[PDB]
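Given next, in structure tokens, is a single chain: the form deposited in one PDB entry.
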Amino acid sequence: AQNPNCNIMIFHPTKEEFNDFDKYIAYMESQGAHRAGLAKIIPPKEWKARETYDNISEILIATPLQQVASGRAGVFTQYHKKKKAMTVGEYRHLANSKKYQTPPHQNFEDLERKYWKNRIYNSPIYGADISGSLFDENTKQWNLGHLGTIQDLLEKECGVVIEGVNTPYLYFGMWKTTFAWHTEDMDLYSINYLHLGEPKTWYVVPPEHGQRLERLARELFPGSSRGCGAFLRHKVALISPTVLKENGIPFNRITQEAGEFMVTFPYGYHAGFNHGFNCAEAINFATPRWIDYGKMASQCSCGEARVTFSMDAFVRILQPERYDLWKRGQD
């Protein structure tokens, strides 16, 4: 068995290996990358996502989200308070302000310490989940707006044509902006490219151990767990590495820098934080290996998780028994 300790693997594809996206994912899996839940891909030196980032300031962040925490430093939830619209240039200036800017630090590990010590005492503002792309249309390799769609994958594997679309999303971050512990919708893959700016630190639980994280979460967030049998689908709970280690939960960590891709694999729980002003692009995708995970994915039906239009068909075809209850949660 390849990668039996479920370490995060880092790949350096050549420009020739960068041509065929599906083939390279399958290669990474042949080497055991998925066992970690997360892999890093450093693009060949010849590649670029676009020519420059000098002209992005007028992108609008219609609904910036202030991430307000509750709990203790290592075990907390966050809610998202909607703020007034602002441009990316306005948001960059805000991120760099004395109130929001990254503190002085020695190295990534020092900054990580500071994050976990102090995150709860601040409420950073995240420009998350913005439909759009920063890849140039002429970028032919690993262009996240040009990937094979999940609907087409389901049709290819299973024979059933379904409605829905699959487009990327932009994320504008600042120091302490946080992504809560989650797997993807329908336990899909995700791919995330850090276009510019400061790093993003990731934590991940191997897919084979995801239920250990779920059991801890039920213990740590006992009200939330009574409310919903899949409350991590709400994407609000944080648990620190220290707490994970105290509770024996297997996990790994890695820091993504600008110019690097990360792939999350089906049922790979992940969480993390941004170091300072940055912009990432991410999208979900599927492969043949996903289908079995999609069929088994948990679902939130309490009403909180509320998701895209295109998840309807995935539930309807892959999980027909659950469909009625899940759709009630959507309406």
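Rigid core: the largest C-alpha set superposing within 1.5 Å between the two forms. When you see a residue number, it is the position in the sequence shown, counting from 1. Residues that one form lacks are left out of the comparison.
What follows is about the form solved in complex with a partner chain, which we do not show.
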item: In the deposited complex, the residue from 282, 300, 262, 49 that sits within 4.5 Å of its partner chain by heavy atoms; value: 282
item: Option touching its partner chain, based on a heavy atom within 4.5 Å in the deposited complex, out of 239, 228, 236, 111; value: 236
item: Distance check, residue 129 to its partner chain in the deposited complex, heavy atom within 4.5 Å; value: yes
item: is_contact(residue 74, its partner chain) in the deposited complex, heavy atom dist at most 4.5 Å; value: no
item: Close approach of residue 116 to its partner chain in the deposited complex, 4.5 Å, heavy atom; value: no
item: Residue 214: touches its partner chain in the deposited complex, heavy atom cutoff 4.5 angstroms; value: no
item: Stretch from 160-168, 193-201, 90-98, 215-223 whose residues place a heavy atom within 4.5 Å of its partner chain in the deposited complex; value: 160-168
item: Of 216, 130, 154, 254, the one whose Cα moves 2 Å or more between this form and the one not shown after core superposition; value: 154
item: Rigid core superposition, residue 321 Cα moves 2 angstroms or more between this form and the one not shown; value: yes
item: CA of residue 145, rigid core aligned, shift of 2 Å or more between this form and the one not shown; value: no
item: Displaced residue check between this form and the one not shown: residue 164, CA, 2 Å or over, core reference; value: yes
item: Pair residue 154/residue 168, Cα separation in the deposited complex versus the displayed form, closer or farther by 3 angstroms or more; value: closer
item: Change in CA distance between residue 282 and residue 165 in the deposited complex, which is 3 Å or more, as closer or farther; value: closer
item: Regions shifting between this form and the one not shown, defined as 3+ consecutive residues whose CA atoms all move 2 Å or more relative to the core; value: 149-165, 225-227, 306-331
